[PDB]
Structures are given as C-alpha cells and as structure tokens.
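All remarks here apply to the structure that follows.
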Amino acid sequence: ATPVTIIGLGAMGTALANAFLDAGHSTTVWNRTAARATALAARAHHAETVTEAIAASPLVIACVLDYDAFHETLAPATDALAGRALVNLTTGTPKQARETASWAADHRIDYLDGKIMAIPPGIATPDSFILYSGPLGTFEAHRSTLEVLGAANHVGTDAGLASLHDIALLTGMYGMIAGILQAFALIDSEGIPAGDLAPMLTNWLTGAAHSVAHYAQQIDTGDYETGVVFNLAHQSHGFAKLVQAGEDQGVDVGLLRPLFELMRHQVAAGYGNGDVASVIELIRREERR
Amino acid sequence: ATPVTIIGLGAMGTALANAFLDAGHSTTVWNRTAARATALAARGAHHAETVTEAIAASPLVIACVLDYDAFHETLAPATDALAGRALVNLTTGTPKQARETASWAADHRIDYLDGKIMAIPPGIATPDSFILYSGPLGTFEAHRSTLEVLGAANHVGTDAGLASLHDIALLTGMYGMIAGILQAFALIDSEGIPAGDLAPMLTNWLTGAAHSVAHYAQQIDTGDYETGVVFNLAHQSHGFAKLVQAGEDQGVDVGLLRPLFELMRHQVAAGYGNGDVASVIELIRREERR
Ligand SMILES: NC(=O)c1ccc[n+]([C@@H]2O[C@H](COP(=O)([O-])OP(=O)(O)OC[C@H]3O[C@@H](n4cnc5c(N)ncnc54)[C@H](OP(=O)(O)O)[C@@H]3O)[C@@H](O)[C@H]2O)c1
Ligand SMILES: NC(=O)c1ccc[n+]([C@@H]2O[C@H](COP(=O)([O-])OP(=O)(O)OC[C@H]3O[C@@H](n4cnc5c(N)ncnc54)[C@H](OP(=O)(O)O)[C@@H]3O)[C@@H](O)[C@H]2O)c1
C-alpha cells in the first residue's frame with residue numbers, strides 16, 4: 001500500500017507511474033514539463049514542484065535522461081529527501097553511481113541505484129526486471145513495492161554494481177545487434193529479405209546463447225583448452241572467409257574486424273589450440289590478467 | 001543404400017564417414033594424411049590410396065577439407081575421374097568460391113552441390129544437425145535422402161553461392177554475439193565478479209535479445225526505422241557514450257563496440273536520431289541496396 005513518487009515522466013517514468021496506479025499505490029508524479037503528467041492525473045496526484053512530489057512519499061523513484069539531469073532536479077531538495085528512500089533508475093556509469101551514493105549517505109538519504117532491464121511497455125510483465133545496488137536494508141524495505149515494476153534483483157552493496165551489470169548486459173545485446181545487422185547486410189547483398197533469414201538466425205543465436213556458460217567457465221578457470229570442439233586457429237582461418245566474402249559482395253564488414261583482430265593475435269601468441277574466450281585476456285583489466 | 005565417398009577426414013569429415021558407416025552405407029574414404037583414413041578403415045570404411053580410386057568408388061562424393069584451396073588442389077587432378085558423379089562440397093568458403101567451383105563442375109559433367117554444415121562433428125546425424133545446400137536442384141533431389149543421414153537438409157537455392165552466404169550470415173550473427181559476451185564478461189570481471197556469476201543472467205538476457213531478430217528484419221525490409229521505436233537511436237547513442245566511458249573508468253578495453261558506435265553516431269549526425277539502431281544497415285549494406 002506504500003505511497004510512491006515518480007520524478008521524471010518520460011517514456012520510462014510514465015510506465016513506472018502507470019504500473020503503480022494499477023497495483024493500487026497512492027502515486028504522486030512530477031516532471032520538468034507539466035504536460036506529460038496530465039494523462040496520469042486523469043487515471044494520480046500531480047505535484048507542482050520537486051519538493052511536493054518528494055514529500056508525499058517514503059519512496060522516491062527518479063528516472064530522467066542522464067545523471068547531469070539527475071543532479072539539477074534533485075540537488076536543491078536534499079533536505080526534503082532526508083530520511084526517505086530514493087531509487088535512481090537513470091542510466092550512467094558506476095563512478096557516477098558511487099559518487100551519488102556517498103552524497104546520498106551524507107544527507108541521510110537511503111540511496112538505491114537501479115537500472116531497468118526492460119522497455120517501457122514491458123513493465124509489470126514477467127519480461128521486466130530491475131537491478132539494484134546499494135544498502136541491503138533500503139532495498140529490502142521496498143522490495144515488494146519495487147516488485148510492481150518487475151523482478152527486483154539486488155546485485156550488491158557496492159553502489160555502482162547495478163550500473164556495471166547494466167553496461168555488461170547492454171554490451172552483450174549490442175554485440176549481438178551488430179552481429180544481426182551484419183548478418184542481414186550479408187544476406188541482403190543477394191536481394192534476400194531480412195525476413196527470410198530471421199527464423200533461422202533467431203534459432204542459431206538462441207543456441208549460441210548457451211555457450212555463455214561455456215565461456216564463463218573457461219574464463220573463471222583460465223583454461224581455454226579443455227572441451228574445445230573447433231579451436232581458435234580454425235575459427236580464425238574460417239573467420240577470414242567471412243571478411244573476404246563480405247567485400248566480394250560489396251558489404252562492409254568493419255563491425256567484425258576488432259574481434260577478428262583479437263582472435264588473430266591470440267592465435268599468433270600461441271592460443272590457437274584453445275577457444276575464442278582467450279580473447280578476453282586482451283581486453284580485461286590489466287590487474288586481472 | 002547409396003555408396004558414398006568422403007574426401008577429407010579431419011574432425012568434420014571423420015564425423016560424416018562415421019555417420020554413413022552407422023547408417024549402413026558402403027563408405028570409401030581418402031585423406032591427404034593416410035593415418036586418418038586408417039582410423040575409419042578400422043570401422044569398415046574402404047581406405048583408398050588416391051583421390052581417383054576413392055572418387056571412382058561411389059556415385060556420391062562428399063568433400064570436407066579445410067578450405068577451397070585444398071579442395072581445388074585435391075580434386076582438380078581428378079576432374080575426369082569425377083565425370084558423371086554427384087559432388088557435394090561441404091568445405092567452408094566464400095560465395096565466389098562456391099560459384100567458380102560450380103562453374104568448373106558444370107563444365108566437366110560433374111553434378112555439383114555446395115553445402116554448409118551448421119553443426120559440430122558430435123552433432124552430425126543428431127537432431128541438432130542441419131546442412132544448407134545450394135546449386136543445381138537436380139543434384140540435391142537425387143541424393144537428398146542420403147544427405148539426411150548427416151542431419152536436416154535445406155536447399156536454399158540454385159545460385160551455388162547461397163549456402164555459403166547463409167553460412168556466413170549466421171556465423172556473423174554468432175560472432176557479434178560472442179564479441180558482446182566477451183565484452184560483458186571483461187566489464188563484470190573489472191570488479192572481480194566471476195564470469196559464472198553473470199552467466200545465467202547474461203544467457204537469459206541474450207535469449208530474449210535473440211527474439212528481437214524479427215523486429216530488426218521488419219524494419220530493414222520495410223525501410224521504416226521510426227515506427228515501433230521505444231527508445232530512439234539518438235538516446236541509444238547517448239547511452240552508448242556512457243557505456244564506453246564506464247569501460248575506461250573500469251580499465252576495460254571497449255574497442256569491440258566502437259565500430260557499431262561510430263555507425264550509430266554517424267546516423268544520428270545524418271538526421272536518423274528519431275529512428276532505431278537498425279538504420280545503421282544503410283551504412284554497411286551493398287550500395288545498390290541502400
Ligand atoms: N526508454 C527506455 O526504453 C529505457 C529503458 C531502460 C532504461 N531507460 C533509462 O531510463 C531513463 C529515462 O529515459 P527515457 O527514455 O524515459 O528518456 P526521455 O523520454 O528523454 O525522458 C527523460 C526524462 O528526462 C527529463 N529530462 C531531460 N533532460 C532533463 C534535464 N536537463 N533536467 C531535468 N530533466 C530532464 C524529461 O523531462 P522533459 O520531457 O520535461 O524534458 C523526461 O521525463 C534513461 O536514463 C534511460 O536510459 C530507458
Ligand atoms: N566444428 C567443425 O569442425 C566444423 C563445423 C562446421 C564446418 N566445418 C568445416 O569443415 C571443414 C573441415 O574442418 P575440420 O574441423 O574437419 O578441419 P580439420 O579437422 O583441420 O581437417 C581439415 C581437413 O582438411 C584436409 N586438408 C587440409 N589442407 C589440405 C590440402 N592442402 N590438401 C588436401 N587436404 C587438406 C586435412 O587433411 P590432413 O588430415 O592431411 O591435414 C583434413 O582432412 C572446414 O572448412 C570447416 O570450416 C567444421
């Protein structure tokens with residue numbers, strides 16, 4: 001029954017507000033532009049300033065463009081934030097997440113840094129989950145409430161950890177996106193619709209997604225050799241056909257050159273009998289090699 | 001059961017020979033290094049000393065060597081030996097290689113078929129295995145049921161280069177995913193988190209991601225990058241920027257993602273910022289298709 005307050009009513013903010021009203025939470029809303037709050041008020045208290053939105057709820061959820069937008073909005077109202085739960089679901093770096101979290105510990109604000117792994121329509125469906133990092137007490141207080149938005153997964157007390165997980169998950173997805181676009185550009189070079197390849201490509205990538213754990217185990221033991229089916233020397237040999245075909249077809253293949261480069265270096269450095277995961281030794285933190 | 005000849009008995013070629021043996025075909029084998037032929041002879045394969053004897057044994061010949069150069073170096077002397085036969089080439093190569101091979105074949109009365117294995121040797125003749133074929137439909141039709149010993153058989157068109165094109169497209173999707181996986185682990189590793197600690201979440205995330213493929217295919221084929229946009233490209237470009245800043249904050253190389261990032265920024269600068277990331281295809285697709 002927890003009253004909640006939403007700061008920022010963009011596409012993501014609007015979905016959060018709407019999901020709470022559905023679950024029956026006394027919802028207060030606020031936005032830098034009053035228009036966006038209008039439909040919400042029809043179905044929610046539209047507070048006229050940041051402090052009114054803040055003061056109405058023990059839980060304050062902020063969700064604006066970037067962190068610079070996060071300061072200017074809420075930095076004047078620290079004292080109104082004192083003794084409240086402030087959940088900041090704004091995209092940014094781990095460094096930003098930890099700076100903001102110590103700032104929030106100075107002014108007695110129970111800070112939680114969160115990152116939505118969902119698209120606005122997906123809120124309040126089993127497809128949404130949000131990662132939170134920061135004090136386990138703050139999080140555990142509002143969990144059932146936050147479970148309105150979707151799954152709530154606390155990933156650590158280090159405040160930047162949700163941000164790190166978020167960036168890691170998006171780098172995963174973006175890598176796949178570049179693969180997909182490159183695959184489509186290749187098949188497009190002979191006039192085939194993307195739609196003709198989509199079902200096969202979806203199945204292929206779904207199976208490929210099961211090697212994640214394979215790579216993890218290789219990275220965690222440092223053994224890139226045990227259980228390799230098609231080794232790196234062979235992958236690098238064949239990968240070169242992917243690049244030469246691409247330019248035979250008039251298709252740019254620069255999206256794949258960086259990984260290819262790393263693979264070829266690890267082959268030349270002696271890792272050709274192991275798996276492609278050994279590439280990680282060229283891009284991980286130096287201290288961890 | 002049609003007799004079959006396997007030319008090339010490395011890991012994959014040995015798997016094909018074993019599948020045909022297990023299915024009861026009379027299987028003749030040949031490898032540049034005799035040792036690998038001797039291993040299959042132990043199982044009942046007919047070990048042929050030369051490529052011509054092996055080819056002469058069978059109406060259907062399946063080559064599976066390292067690359068199209070080995071294929072050419074091996075089968076060109078035996079060109080005449082191959083007249084009147086079906087030749088199925090499962091070697092990885094480019095569409096240009098498949099098409100030039102299919103021209104050489106059709107010039108010398110060789111029934112040619114170019115195929116590509118989407119499987120690893122353990123997967124052959126299991127339900128996970130499929131092979132794409134392209135080239136003359138007649139060859140594919142006469143020998144399809146034999147080829148199904150190896151796994152599913154999908155003829156993807158008469159342009160002999162099309163199996164190779166399909167194979168490369170799929171490997172390209174997979175390797176971009178691999179680049180993303182390794183980048184994600186390198187980032188999570190920067191705080192000493194075990195890769196295995198992220199792997200379940202990463203796997204579930206990317207299996208969900210994989211079902212976005214149809215969406216991007218819809219945007220590419222309709223040429224409409226703007227309808228169906230939740231989070232536009234100009235915002236993604238913003239987010240991507242922080243994603244790269246975090247990597248250097250954490251001491252992790254983020255070079256795997258810079259080429260995509262550059263295409264994204266170029267598209268925002270050209271005025272596509274209200275569309276989706278799929279519009280990046282305009283910058284890499286063949287000029288005639290833009
Ligand atoms: N949308 C998604 O798919 C999605 C998914 C996961 C995470 N996120 C994250 O959630 C956050 C919200 O993004 P969104 O897509 O909802 O972005 P959006 O549609 O741009 O909304 C951003 C919010 O930022 C406010 N804003 C922008 N500049 C501001 C400033 N300079 N000072 C104060 N407020 C400002 C806006 O209010 P005005 O409109 O009044 O300017 C707006 O309500 C982002 O960090 C995004 O990365 C979004
Ligand atoms: N997971 C897989 O293994 C897999 C999956 C899909 C596709 N493929 C494709 O299948 C093909 C074969 O791969 P593989 O894993 O079986 O590779 P492999 O185990 O390295 O065996 C390569 C084969 O090529 C032969 N070869 C190499 N150079 C040659 C030459 N110059 N003249 C004649 N024969 C030559 C080898 O003979 P020697 O024994 O005398 O070296 C051997 O028979 C590759 O193009 C690969 O891309 C493999």
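Every chain is numbered from 1, with letters handed out A, B, ... down the list of sequences.
Annotation: residues 218-227 of chain A contacts chain B through A/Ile219, A/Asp220 [non-hydrogen atoms, separation under 4.5 Å]. For residues 150-163 of chain A, a heavy-atom distance under 4.5 Å to chain B picks out A/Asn153, A/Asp158, A/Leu161, given by residue number.
Contact of B/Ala179 with chain A is made through backbone and side chain together, with heavy-atom distances under 4.5 Å. Residue contact with chain B, scored on non-hydrogen atoms closer than 4.5 Å, involves the side chain of A/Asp66 exclusively. If you measure heavy-atom distances from B/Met12 to chain A, you find no contacts under 4.5 Å at all. In this structure, chain A has heavy atoms under 4.5 Å from both the backbone and the side chain of B/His166. There is no contact between A/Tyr67 and chain B, counting heavy-atom distances below 4.5 Å. Only the side chain of A/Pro121 comes within contact range of chain B, with heavy atoms under 4.5 Å apart. Of the two parts of B/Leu260, the backbone and the side chain both hold a non-hydrogen atom closer than 4.5 Å to a non-hydrogen atom of chain A. Within the 4.5 angstrom heavy-atom criterion, only side-chain atoms of A/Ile119, from C-beta onward, approach chain B. Both the backbone and the side chain of A/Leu242 have a heavy atom closer than 4.5 Å to some heavy atom of chain B. With a 4.5 Å cut-off on non-hydrogen atoms, B/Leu257 touches chain A through its side chain but not through its backbone.
Under the 4.0 Å criterion applied to side-chain N and carboxylate O atoms, B/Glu191 and A/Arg98 are assigned as salt-bridge partners.
Two residues are said to be in side-chain contact when any heavy atoms from C-beta on lie closer than 4.5 Å; A/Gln249 and B/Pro95 meet this criterion. Taking 4.5 Å as the limit, some side-chain heavy atom of B/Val277 sits within range of a side-chain heavy atom of A/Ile177.
A/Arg284 places no side-chain N or O within donor-acceptor distance of the main-chain N or O of B/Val252, the cut-off being under 3.5 Å.
Ring pair A/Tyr174/B/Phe240 is tilted by interplanar angle, where 30° to 60° counts as tilted.
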